[PDB]
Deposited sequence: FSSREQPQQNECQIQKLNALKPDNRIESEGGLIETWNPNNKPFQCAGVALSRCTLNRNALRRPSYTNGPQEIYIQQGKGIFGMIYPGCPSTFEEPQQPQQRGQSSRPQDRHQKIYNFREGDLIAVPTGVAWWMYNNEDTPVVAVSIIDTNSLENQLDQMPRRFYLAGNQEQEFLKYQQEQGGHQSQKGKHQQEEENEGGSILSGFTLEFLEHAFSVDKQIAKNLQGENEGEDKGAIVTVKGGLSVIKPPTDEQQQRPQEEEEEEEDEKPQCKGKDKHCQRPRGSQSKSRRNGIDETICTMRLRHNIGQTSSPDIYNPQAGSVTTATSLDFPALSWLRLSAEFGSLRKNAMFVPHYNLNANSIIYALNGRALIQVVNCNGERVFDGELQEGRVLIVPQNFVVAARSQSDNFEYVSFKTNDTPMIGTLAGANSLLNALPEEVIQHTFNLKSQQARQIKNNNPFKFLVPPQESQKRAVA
(Lines of atoms letter the chains of each structure in order from A and count residues from 1; the text may use other names and numbers.)
(Lines give C-alpha, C1' and ligand atoms only; values in the text may rest on other atoms or scores of the structure.)
Protein backbone atom coordinates (compact mmCIF):
# COMPACT_ATOMS: atom_id res chain seq x y z
CA UNK A 1 0.00 0.00 0.00
CA UNK A 2 1.77 3.06 -1.37
CA UNK A 3 -0.12 5.46 0.95
CA UNK A 4 0.05 3.60 4.27
CA UNK A 5 2.34 6.10 5.91
CA UNK A 6 3.60 5.30 9.28
CA UNK A 7 5.44 8.60 9.75
CA UNK A 8 6.01 11.55 7.45
CA UNK A 9 9.24 13.60 7.84
CA UNK A 10 10.27 17.04 6.62
CA UNK A 11 12.05 15.88 3.46
CA UNK A 12 14.92 17.73 1.86
CA UNK A 13 16.81 16.99 -1.44
CA UNK A 14 19.26 14.16 -1.95
CA UNK A 15 20.79 15.33 -5.22
CA UNK A 16 22.76 18.47 -6.17
CA UNK A 17 23.80 19.11 -9.71
CA UNK A 18 26.10 22.07 -10.02
CA UNK A 19 26.19 23.76 -13.34
CA UNK A 20 28.03 26.68 -14.85
CA UNK A 21 25.28 29.34 -14.40
CA UNK A 22 23.33 27.63 -11.65
CA UNK A 23 22.35 24.52 -9.81
CA UNK A 24 19.62 21.88 -9.81
CA UNK A 25 18.50 20.03 -6.70
CA UNK A 26 16.01 17.15 -6.63
CA UNK A 27 14.05 15.19 -4.07
CA UNK A 28 13.96 11.34 -4.28
CA UNK A 29 10.72 10.25 -6.01
CA UNK A 30 11.02 6.73 -4.65
CA UNK A 31 10.36 7.59 -0.98
CA UNK A 32 6.96 6.38 0.27
CA UNK A 33 5.72 10.08 0.68
CA UNK A 34 6.31 11.00 -2.98
CA UNK A 35 5.19 7.50 -4.26
CA UNK A 36 1.95 7.96 -2.30
CA UNK A 37 1.75 11.52 -3.54
CA UNK A 38 2.42 10.95 -7.24
CA UNK A 39 4.83 13.88 -7.78
CA UNK A 40 8.47 14.54 -8.44
CA UNK A 41 9.79 17.67 -6.66
CA UNK A 42 12.77 19.70 -7.82
CA UNK A 43 14.35 23.15 -7.14
CA UNK A 44 16.29 24.93 -9.90
CA UNK A 45 18.29 28.09 -9.24
CA UNK A 46 19.78 30.23 -12.02
CA UNK A 47 22.33 33.00 -11.36
CA UNK A 48 23.21 36.16 -13.30
CA UNK A 49 23.32 35.65 -17.04
CA UNK A 50 22.18 32.03 -16.84
CA UNK A 51 19.97 30.24 -19.35
CA UNK A 52 18.25 27.00 -18.70
CA UNK A 53 18.50 25.25 -22.06
CA UNK A 54 15.15 24.08 -23.69
CA UNK A 55 13.72 20.77 -22.36
CA UNK A 56 10.49 18.83 -21.75
CA UNK A 57 8.90 16.22 -19.44
CA UNK A 58 6.20 13.64 -19.96
CA UNK A 59 3.78 15.02 -17.36
CA UNK A 60 1.98 18.18 -16.07
CA UNK A 61 4.52 20.56 -14.53
CA UNK A 62 3.89 23.62 -12.33
CA UNK A 63 6.75 26.04 -11.56
CA UNK A 64 6.58 28.46 -8.55
CA UNK A 65 9.16 31.31 -8.50
CA UNK A 66 10.56 31.66 -4.97
CA UNK A 67 12.80 34.65 -5.78
CA UNK A 68 14.12 36.80 -8.60
CA UNK A 69 12.95 37.87 -12.02
CA UNK A 70 13.66 36.73 -15.54
CA UNK A 71 11.98 35.66 -18.72
CA UNK A 72 10.75 32.29 -20.04
CA UNK A 73 9.51 30.92 -23.32
CA UNK A 74 7.43 27.91 -24.32
CA UNK A 75 7.92 26.30 -27.73
CA UNK A 76 4.35 25.26 -28.49
CA UNK A 77 4.19 23.13 -31.68
CA UNK A 78 0.91 24.32 -33.28
CA UNK A 79 1.61 28.06 -32.88
CA UNK A 80 2.84 31.14 -34.80
CA UNK A 81 5.97 33.20 -34.43
CA UNK A 82 6.62 36.76 -33.34
CA UNK A 83 11.37 35.29 -36.22
CA UNK A 84 10.49 33.59 -32.88
CA UNK A 85 7.56 32.54 -30.58
CA UNK A 86 6.31 34.57 -27.53
CA UNK A 87 8.39 35.35 -24.41
CA UNK A 88 6.92 36.33 -21.04
CA UNK A 89 8.64 38.04 -18.14
CA UNK A 90 8.23 36.71 -14.57
CA UNK A 91 8.65 37.87 -11.01
CA UNK A 92 8.67 36.36 -7.52
CA UNK A 93 5.39 34.66 -6.64
CA UNK A 94 4.65 33.70 -10.23
CA UNK A 95 3.05 30.35 -10.86
CA UNK A 96 3.96 29.22 -14.40
CA UNK A 97 1.90 26.34 -15.93
CA UNK A 98 3.77 23.95 -18.31
CA UNK A 99 1.40 21.59 -20.38
CA UNK A 100 2.57 17.94 -20.94
CA UNK A 101 5.51 17.44 -23.32
CA UNK A 102 5.83 21.21 -24.13
CA UNK A 103 9.44 22.56 -24.15
CA UNK A 104 10.74 25.71 -22.42
CA UNK A 105 13.81 27.74 -21.61
CA UNK A 106 14.26 30.28 -18.78
CA UNK A 107 16.77 33.14 -18.31
CA UNK A 108 17.87 35.49 -15.45
CA UNK A 109 19.64 38.79 -15.86
CA UNK A 110 19.83 40.24 -12.32
CA UNK A 111 22.27 39.61 -9.44
CA UNK A 112 19.48 38.19 -7.34
CA UNK A 113 19.36 34.53 -8.56
CA UNK A 114 16.07 32.97 -9.67
CA UNK A 115 14.96 30.20 -7.29
CA UNK A 116 12.20 28.26 -8.97
CA UNK A 117 10.73 25.23 -7.20
CA UNK A 118 8.53 22.91 -9.31
CA UNK A 119 6.47 19.70 -9.50
CA UNK A 120 5.90 17.20 -12.28
CA UNK A 121 2.76 15.17 -11.56
CA UNK A 122 4.06 11.74 -12.75
CA UNK A 123 0.75 10.08 -11.97
CA UNK A 124 -1.18 12.05 -14.57
CA UNK A 125 -3.55 10.64 -17.13
CA UNK A 126 -1.39 12.48 -19.63
CA UNK A 127 1.76 10.69 -18.56
CA UNK A 128 1.66 7.61 -20.66
CA UNK A 129 5.06 6.10 -19.79
CA UNK A 130 5.73 4.90 -16.16
CA UNK A 131 6.00 6.53 -12.70
CA UNK A 132 9.74 7.33 -13.16
CA UNK A 133 10.37 11.11 -13.70
CA UNK A 134 12.53 12.01 -16.67
CA UNK A 135 13.50 15.23 -18.52
CA UNK A 136 14.32 15.35 -22.26
CA UNK A 137 16.94 17.99 -23.07
CA UNK A 138 17.08 19.52 -26.58
CA UNK A 139 20.76 20.42 -26.50
CA UNK A 140 23.96 19.75 -24.68
CA UNK A 141 25.68 16.80 -23.26
CA UNK A 142 24.77 16.34 -19.63
CA UNK A 143 22.74 13.83 -17.71
CA UNK A 144 19.18 14.67 -16.80
CA UNK A 145 18.38 15.43 -13.16
CA UNK A 146 16.25 12.35 -12.61
CA UNK A 147 18.77 9.98 -14.19
CA UNK A 148 20.24 9.29 -10.73
CA UNK A 149 16.98 7.63 -9.70
CA UNK A 150 16.63 5.63 -12.93
CA UNK A 151 19.83 3.76 -12.15
CA UNK A 152 24.19 11.29 -21.16
CA UNK A 153 23.48 13.95 -23.79
CA UNK A 154 20.37 15.45 -25.30
CA UNK A 155 17.80 13.95 -27.72
CA UNK A 156 19.55 15.45 -30.74
CA UNK A 157 23.04 14.14 -29.89
CA UNK A 158 21.76 10.57 -30.04
CA UNK A 159 21.15 10.57 -33.81
CA UNK A 160 23.57 9.71 -36.55
CA UNK A 161 25.73 12.51 -37.87
CA UNK A 162 24.37 11.98 -41.37
CA UNK A 163 20.72 12.00 -40.12
CA UNK A 164 21.20 15.52 -38.62
CA UNK A 165 23.08 16.60 -41.73
CA UNK A 166 20.13 15.36 -43.80
CA UNK A 167 17.22 16.55 -41.57
CA UNK A 168 18.31 20.15 -40.83
CA UNK A 169 19.90 20.41 -44.26
CA UNK A 170 23.35 21.58 -43.18
CA UNK A 171 27.00 20.44 -43.29
CA UNK A 172 29.09 17.95 -41.25
CA UNK A 173 30.61 20.77 -39.29
CA UNK A 174 27.40 22.46 -37.90
CA UNK A 175 25.76 19.06 -37.72
CA UNK A 176 28.53 18.11 -35.20
CA UNK A 177 27.79 21.16 -33.07
CA UNK A 178 24.13 20.21 -33.06
CA UNK A 179 25.12 16.58 -32.36
CA UNK A 180 26.22 17.30 -28.78
CA UNK A 181 29.90 17.80 -29.53
CA UNK A 182 28.66 23.11 -18.76
CA UNK A 183 25.27 21.54 -18.10
CA UNK A 184 21.62 22.43 -18.36
CA UNK A 185 22.10 25.95 -17.02
CA UNK A 186 24.80 27.63 -19.09
CA UNK A 187 26.03 31.26 -18.57
CA UNK A 188 25.36 33.58 -21.54
CA UNK A 189 28.63 35.54 -21.22
CA UNK A 190 27.45 38.97 -22.41
CA UNK A 191 23.77 38.29 -21.75
CA UNK A 192 20.85 37.32 -23.95
CA UNK A 193 20.03 40.58 -25.79
CA UNK A 194 16.48 39.36 -26.62
CA UNK A 195 14.08 42.18 -25.69
CA UNK A 196 12.23 42.41 -22.39
CA UNK A 197 8.48 43.23 -22.76
CA UNK A 198 -3.77 27.81 -26.28
CA UNK A 199 -1.15 30.02 -28.08
CA UNK A 200 -2.74 33.04 -26.50
CA UNK A 201 -3.44 31.28 -23.19
CA UNK A 202 -1.73 32.98 -20.25
CA UNK A 203 0.71 30.61 -18.48
CA UNK A 204 1.77 32.80 -15.61
CA UNK A 205 -0.41 33.83 -12.58
CA UNK A 206 0.81 35.56 -9.44
CA UNK A 207 0.10 34.14 -6.00
CA UNK A 208 3.12 35.40 -4.03
CA UNK A 209 3.24 38.42 -1.75
CA UNK A 210 2.02 40.80 -4.45
CA UNK A 211 -1.71 40.07 -4.76
CA UNK A 212 -5.19 40.49 -3.23
CA UNK A 213 -5.35 37.50 -0.89
CA UNK A 214 -8.32 35.22 -0.58
CA UNK A 215 -8.12 35.13 3.20
CA UNK A 216 -6.66 38.06 5.03
CA UNK A 217 -6.49 38.74 8.67
CA UNK A 218 -4.19 41.56 9.77
CA UNK A 219 -3.59 39.70 13.10
CA UNK A 220 -3.03 36.13 11.80
CA UNK A 221 -1.67 36.44 8.24
CA UNK A 222 -3.08 35.63 4.74
CA UNK A 223 -3.71 32.90 2.15
CA UNK A 224 -3.88 33.14 -1.65
CA UNK A 225 -5.06 30.23 -3.83
CA UNK A 226 -4.75 29.73 -7.55
CA UNK A 227 -7.34 27.30 -8.97
CA UNK A 228 -8.41 26.83 -12.59
CA UNK A 229 -11.15 29.38 -11.86
CA UNK A 230 -8.63 32.23 -11.89
CA UNK A 231 -5.82 30.83 -13.96
CA UNK A 232 -7.52 28.95 -16.79
CA UNK A 233 -4.43 27.17 -18.07
CA UNK A 234 -4.39 25.07 -14.92
CA UNK A 235 -7.23 22.90 -16.08
CA UNK A 236 -4.80 21.72 -18.77
CA UNK A 237 -2.52 20.49 -15.95
CA UNK A 238 -5.03 19.30 -13.32
CA UNK A 239 -2.78 21.01 -10.75
CA UNK A 240 -3.08 23.92 -8.34
CA UNK A 241 -1.01 25.87 -5.78
CA UNK A 242 -1.49 27.87 -2.59
CA UNK A 243 0.64 30.56 -0.91
CA UNK A 244 0.41 31.28 2.84
CA UNK A 245 2.05 33.81 5.17
CA UNK A 246 1.40 33.36 8.87
CA UNK A 247 2.32 35.76 11.69
CA UNK A 248 4.28 34.36 14.69
CA UNK A 249 2.12 32.05 16.69
CA UNK A 250 -0.98 32.46 14.44
CA UNK A 251 -2.30 29.09 13.16
CA UNK A 252 -4.24 27.49 10.29
CA UNK A 253 -6.99 25.28 11.61
CA UNK A 254 -7.17 21.50 11.17
CA UNK A 255 -8.42 20.81 7.63
CA UNK A 256 -8.32 18.11 4.95
CA UNK A 257 -8.28 18.28 1.12
CA UNK A 258 -11.31 16.37 -0.23
CA UNK A 259 -9.83 15.77 -3.67
CA UNK A 260 -6.07 16.46 -3.82
CA UNK A 261 -2.66 15.64 -2.46
CA UNK A 262 -0.69 18.63 -1.02
CA UNK A 263 3.06 19.11 -1.11
CA UNK A 264 3.90 21.91 1.38
CA UNK A 265 7.22 23.45 0.53
CA UNK A 266 8.36 26.03 3.16
CA UNK A 267 9.52 29.31 1.70
CA UNK A 268 10.48 31.31 4.79
CA UNK A 269 10.69 30.63 8.50
CA UNK A 270 9.54 27.69 10.48
CA UNK A 271 6.32 26.08 11.72
CA UNK A 272 4.98 23.42 14.10
CA UNK A 273 2.80 21.19 11.92
CA UNK A 274 0.61 18.23 12.94
CA UNK A 275 -1.05 15.70 10.58
CA UNK A 276 -3.30 12.74 11.50
CA UNK A 277 -4.67 9.77 9.47
CA UNK A 278 -7.79 7.56 9.20
CA UNK A 279 -6.78 5.69 12.39
CA UNK A 280 -6.29 8.78 14.62
CA UNK A 281 -2.48 8.26 14.58
CA UNK A 282 -0.47 11.50 14.60
CA UNK A 283 1.86 10.81 11.61
CA UNK A 284 3.89 14.03 11.97
CA UNK A 285 4.42 16.21 15.00
CA UNK A 286 7.31 18.51 14.30
CA UNK A 287 8.74 21.50 12.59
CA UNK A 288 8.84 22.32 8.91
CA UNK A 289 11.46 24.96 8.15
CA UNK A 290 12.74 26.79 5.02
CA UNK A 291 13.68 24.59 2.09
CA UNK A 292 12.05 21.48 3.50
CA UNK A 293 8.90 19.70 2.29
CA UNK A 294 6.03 17.89 4.09
CA UNK A 295 3.62 15.70 2.14
CA UNK A 296 0.06 15.47 3.38
CA UNK A 297 -1.92 12.71 1.44
CA UNK A 298 -5.56 13.08 0.34
CA UNK A 299 -7.99 12.90 3.30
CA UNK A 300 -5.44 13.36 6.10
CA UNK A 301 -6.01 16.27 8.49
CA UNK A 302 -3.46 19.19 8.77
CA UNK A 303 -2.88 21.98 11.32
CA UNK A 304 0.08 24.35 11.73
CA UNK A 305 1.24 27.05 14.18
CA UNK A 306 3.77 29.67 13.07
CA UNK A 307 7.07 29.98 14.84
CA UNK A 308 8.20 32.82 12.63
CA UNK A 309 7.40 36.24 11.53
CA UNK A 310 6.36 35.32 8.93
CA UNK A 311 6.21 31.61 8.15
CA UNK A 312 5.64 31.39 4.38
CA UNK A 313 4.91 28.27 2.31
CA UNK A 314 3.72 27.09 -1.15
CA UNK A 315 1.23 24.21 -1.31
CA UNK A 316 1.03 22.30 -4.61
CA UNK A 317 -2.29 20.41 -4.52
CA UNK A 318 -2.85 17.71 -7.15
CA UNK A 319 -6.21 18.90 -8.56
CA UNK A 320 -6.94 22.10 -10.51
CA UNK A 321 -9.92 22.85 -8.22
CA UNK A 322 -9.17 21.52 -4.74
CA UNK A 323 -11.91 21.56 -2.11
CA UNK A 324 -10.84 21.82 1.52
CA UNK A 325 -12.82 20.66 4.49
CA UNK A 326 -12.26 22.86 7.48
CA UNK A 327 -12.70 21.39 11.02
CA UNK A 328 -12.66 24.66 13.06
CA UNK A 329 -13.61 28.20 11.99
CA UNK A 330 -16.50 30.32 10.65
CA UNK A 331 -17.26 27.89 7.94
CA UNK A 332 -16.20 24.59 9.54
CA UNK A 333 -17.69 21.18 8.98
CA UNK A 334 -18.79 21.05 12.66
CA UNK A 335 -20.40 24.49 12.12
CA UNK A 336 -22.80 22.93 9.65
CA UNK A 337 -23.87 20.13 11.99
CA UNK A 338 -27.01 20.34 14.12
CA UNK A 339 -26.06 21.45 17.66
CA UNK A 340 -27.95 18.44 18.92
CA UNK A 341 -25.94 15.91 16.84
CA UNK A 342 -22.75 17.79 17.87
CA UNK A 343 -23.85 16.97 21.42
CA UNK A 344 -24.21 13.23 20.70
CA UNK A 345 -21.11 12.61 18.58
CA UNK A 346 -18.69 14.54 20.90
CA UNK A 347 -20.50 14.01 24.26
CA UNK A 348 -21.03 17.63 25.14
CA UNK A 349 -23.90 19.69 26.45
CA UNK A 350 -25.99 22.23 24.47
CA UNK A 351 -24.04 25.17 25.93
CA UNK A 352 -20.62 23.66 25.05
CA UNK A 353 -22.03 22.80 21.64
CA UNK A 354 -22.66 26.45 21.08
CA UNK A 355 -19.01 27.20 22.05
CA UNK A 356 -17.47 24.89 19.43
CA UNK A 357 -19.67 26.47 16.80
CA UNK A 358 -19.16 30.07 17.82
CA UNK A 359 -15.98 30.66 19.83
CA UNK A 360 -13.76 30.96 16.78
CA UNK A 361 -15.31 33.48 14.31
CA UNK A 362 -12.49 33.30 11.82
CA UNK A 363 -12.29 31.53 8.47
CA UNK A 364 -9.22 29.21 8.17
CA UNK A 365 -6.54 31.37 9.97
CA UNK A 366 -6.79 31.97 13.69
CA UNK A 367 -4.90 34.77 15.51
CA UNK A 368 -2.28 34.21 18.31
CA UNK A 369 -3.85 32.94 21.49
CA UNK A 370 -2.98 36.23 23.22
CA UNK A 371 -1.31 34.85 26.31
property: Missing stretches, numbered from 1 on the deposited chain sequence and kept in order; result: 1-9, 92-109, 179-197, 228-232, 249-296, 471-476
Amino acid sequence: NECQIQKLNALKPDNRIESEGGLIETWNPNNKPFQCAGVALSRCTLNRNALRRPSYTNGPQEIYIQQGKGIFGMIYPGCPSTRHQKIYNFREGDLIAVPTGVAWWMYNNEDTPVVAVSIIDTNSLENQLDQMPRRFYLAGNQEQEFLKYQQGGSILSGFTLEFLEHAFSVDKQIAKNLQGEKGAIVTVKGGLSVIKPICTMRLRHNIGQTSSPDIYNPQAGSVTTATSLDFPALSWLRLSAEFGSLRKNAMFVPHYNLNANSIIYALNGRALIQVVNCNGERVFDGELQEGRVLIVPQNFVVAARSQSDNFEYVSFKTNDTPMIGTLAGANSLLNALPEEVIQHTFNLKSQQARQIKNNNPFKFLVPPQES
From here on, numbers count along this sequence of modelled residues.
{"property": "Per the entry, higher mean C-alpha B factor between 87-95 and 170-178", "result": "170-178"}
{"property": "Average Cα temperature factor in the PDB entry - higher stretch of 157-165, 237-245", "result": "157-165"}
{"property": "Of the residues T100, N277, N259, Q151, the one carrying the largest Cα B-factor as recorded", "result": "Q151"}
{"property": "Top residue by Cα temperature factor, when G291, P254, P232, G140 are compared in the entry", "result": "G140"}
{"property": "Ranked C-alpha temperature factor of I24 among modelled chain residues, by third", "result": "lowest"}
{"property": "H205, C-alpha B-factor rank within chain (lowest, middle or highest third)", "result": "lowest"}
{"property": "Position of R282 among the chain's modelled residues by C-alpha B-factor, lowest, middle or highest third", "result": "middle"}
{"property": "Relative C-alpha B-factor of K32, binned into the chain's lowest, middle or highest third", "result": "highest"}
{"property": "Third of the chain, ranked by Cα B-factor, where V114 sits", "result": "lowest"}
